[PDB]
$ cat data26.cif   # mmCIF, C-alpha atoms
data_target
#
loop_
_atom_site.label_atom_id
_atom_site.label_comp_id
_atom_site.auth_asym_id
_atom_site.auth_seq_id
_atom_site.Cartn_x
_atom_site.Cartn_y
_atom_site.Cartn_z
CA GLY J 1 164.76 141.15 189.27
CA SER J 2 162.53 140.62 186.25
CA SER J 3 160.31 137.63 185.61
CA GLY J 4 158.90 138.76 182.29
CA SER J 5 155.51 139.41 180.72
CA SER J 6 153.82 140.45 177.49
CA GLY J 7 150.44 140.94 175.86
CA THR J 8 148.49 142.56 173.05
CA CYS J 9 147.32 146.14 172.76
CA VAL J 10 143.86 146.13 171.24
CA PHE J 11 141.29 148.89 171.54
CA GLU J 12 137.54 148.45 171.78
CA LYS J 13 134.93 151.19 171.94
CA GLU J 14 132.25 149.72 174.18
CA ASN J 15 131.72 150.97 177.71
CA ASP J 16 128.33 152.15 178.89
CA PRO J 17 128.13 154.88 181.54
CA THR J 18 126.17 152.42 183.64
CA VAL J 19 128.80 149.70 183.68
CA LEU J 20 131.73 149.02 185.97
CA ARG J 21 134.40 147.26 183.96
CA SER J 22 137.72 146.07 185.33
CA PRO J 23 140.47 148.66 184.84
CA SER J 24 143.03 145.95 185.53
CA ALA J 25 143.20 142.19 185.92
CA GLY J 26 142.97 140.60 189.35
CA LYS J 27 140.57 138.31 191.16
CA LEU J 28 137.11 139.21 192.40
CA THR J 29 136.72 138.53 196.10
CA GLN J 30 133.64 140.21 197.53
CA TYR J 31 131.69 143.45 197.78
CA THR J 32 131.44 146.19 200.37
CA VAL J 33 127.82 147.01 199.64
CA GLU J 34 124.57 145.08 199.65
CA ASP J 35 122.40 144.32 196.65
CA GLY J 36 121.82 147.43 194.57
CA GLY J 37 123.80 149.21 197.26
CA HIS J 38 123.92 152.97 196.86
CA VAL J 39 127.21 154.80 197.28
CA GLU J 40 128.94 158.04 196.35
CA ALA J 41 131.08 158.75 193.31
CA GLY J 42 134.43 157.60 194.63
CA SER J 43 133.30 155.26 197.38
CA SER J 44 134.30 151.61 197.30
CA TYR J 45 131.69 149.07 196.28
CA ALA J 46 133.96 146.07 195.83
CA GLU J 47 137.57 144.93 195.81
CA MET J 48 139.97 142.71 193.90
CA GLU J 49 143.33 140.98 194.04
CA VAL J 50 145.98 141.71 191.43
CA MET J 51 149.73 141.18 191.40
CA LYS J 52 149.34 139.59 194.81
CA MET J 53 147.85 142.89 195.91
CA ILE J 54 144.37 143.76 197.11
CA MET J 55 142.97 146.84 195.41
CA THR J 56 139.75 148.65 196.21
CA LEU J 57 137.10 149.23 193.57
CA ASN J 58 135.31 152.56 193.48
CA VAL J 59 132.42 153.74 191.34
CA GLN J 60 133.11 156.12 188.48
CA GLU J 61 129.78 157.79 189.16
CA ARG J 62 127.50 157.61 192.17
CA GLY J 63 124.62 155.18 191.84
CA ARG J 64 123.74 151.65 192.88
CA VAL J 65 126.27 148.84 192.76
CA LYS J 66 125.05 145.32 192.08
CA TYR J 67 126.86 142.01 191.84
CA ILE J 68 126.44 140.23 188.52
CA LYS J 69 129.46 137.96 188.31
CA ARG J 70 129.73 135.27 190.96
CA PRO J 71 132.21 135.95 193.77
CA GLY J 72 135.50 134.23 193.07
CA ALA J 73 135.80 134.83 189.34
CA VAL J 74 138.89 135.70 187.33
CA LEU J 75 139.30 139.45 187.07
CA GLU J 76 140.82 140.49 183.76
CA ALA J 77 141.66 143.79 182.11
CA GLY J 78 138.68 145.32 180.33
CA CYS J 79 136.13 142.90 181.73
CA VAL J 80 132.69 143.09 183.31
CA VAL J 81 132.19 142.95 187.06
CA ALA J 82 129.07 144.87 188.02
CA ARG J 83 126.69 147.45 186.59
CA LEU J 84 125.74 150.83 187.98
CA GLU J 85 122.20 152.18 188.21
CA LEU J 86 121.92 155.95 188.16
CA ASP J 87 119.52 156.95 190.91
CA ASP J 88 119.45 160.49 189.59
CA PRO J 89 119.49 160.30 185.78
CA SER J 90 117.31 163.40 185.64
CA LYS J 91 115.19 165.46 188.00
CA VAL J 92 114.59 169.08 187.08
CA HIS J 93 113.85 170.88 190.32
CA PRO J 94 111.28 173.69 190.51
CA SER J 95 113.80 176.52 190.41
CA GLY J 96 115.66 178.27 187.62
CA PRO J 97 118.86 180.33 187.60
CA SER J 98 119.24 183.34 189.86
CA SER J 99 121.65 186.25 190.15
CA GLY J 100 124.98 185.32 191.70
#
$ encode --input "data26.cif" --output "structure tokens"
Amino acid sequence: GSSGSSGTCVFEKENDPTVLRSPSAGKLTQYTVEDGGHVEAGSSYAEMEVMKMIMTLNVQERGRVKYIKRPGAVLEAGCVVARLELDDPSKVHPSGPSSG
């Protein structure tokens, strides 16, 4: 049992902390959150189909998931799917460090 496959191994330094690229090829289907939907770091915001398998897509860092690419596109390794919008990029609360 072995069909066969091959590809190139190229590296590219370009991945913003507010971007949700595809870790592996597949096929975009739909999302599990509404426009600019807010979720937790780890929650699923969308899914995909790869190797005849449906895999869930989680956010690398809590924020707001938004659909950019139309639903039903070709998911490829190291590609763009949706961007994340940090809802808490900075917010110094009125309280410093205290004995522990």
$ resolve_selection --input "data26.cif" --expression "the PyMOL selection byres ((chain J and resi 68-81) around 8)" --output "mmCIF file with C-alpha atoms, keeping the file's coordinate frame"
data_model
loop_
_atom_site.group_PDB
_atom_site.id
_atom_site.type_symbol
_atom_site.label_atom_id
_atom_site.label_comp_id
_atom_site.auth_asym_id
_atom_site.auth_seq_id
_atom_site.Cartn_x
_atom_site.Cartn_y
_atom_site.Cartn_z
ATOM 1 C CA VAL J 19 128.800 149.700 183.680
ATOM 2 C CA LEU J 20 131.730 149.020 185.970
ATOM 3 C CA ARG J 21 134.400 147.260 183.960
ATOM 4 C CA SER J 22 137.720 146.070 185.330
ATOM 5 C CA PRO J 23 140.470 148.660 184.840
ATOM 6 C CA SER J 24 143.030 145.950 185.530
ATOM 7 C CA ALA J 25 143.200 142.190 185.920
ATOM 8 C CA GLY J 26 142.970 140.600 189.350
ATOM 9 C CA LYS J 27 140.570 138.310 191.160
ATOM 10 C CA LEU J 28 137.110 139.210 192.400
ATOM 11 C CA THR J 29 136.720 138.530 196.100
ATOM 12 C CA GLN J 30 133.640 140.210 197.530
ATOM 13 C CA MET J 48 139.970 142.710 193.900
ATOM 14 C CA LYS J 66 125.050 145.320 192.080
ATOM 15 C CA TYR J 67 126.860 142.010 191.840
ATOM 16 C CA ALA J 82 129.070 144.870 188.020
ATOM 17 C CA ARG J 83 126.690 147.450 186.590
#
$ resolve_selection --input "data26.cif" --expression "the PyMOL selection byres ((chain J and resi 33) around 12)" --output "list in words"
residues 30, 31, 32, 34, 35, 36, 37, 38, 39, 40, 43, 44, 45, 46, 47, 57, 58, 59, 63, 64, 65, 66, 67 and 82 of chain J
$ atom_distance --input "data26.cif" --atom1 "atom CA of residue J:51" --atom2 "atom CA of residue J:7"
15.6 Å
$ axis_aligned_box --input "data26.cif" --around "stretch 40-59 of chain J" --padding-each-side "8 Å" --output "JSON"
{"center_x": 139.3, "center_y": 149.2, "center_z": 194.4, "size_x": 36.8, "size_y": 35.2, "size_z": 22.0}
$ atom_distance --input "data26.cif" --atom1 "atom CA of residue J:15" --atom2 "atom CA of residue J:90"
20.6 Å
$ atom_distance --input "data26.cif" --atom1 "atom CA of residue J:18" --atom2 "atom CA of residue J:96"
28.2 Å
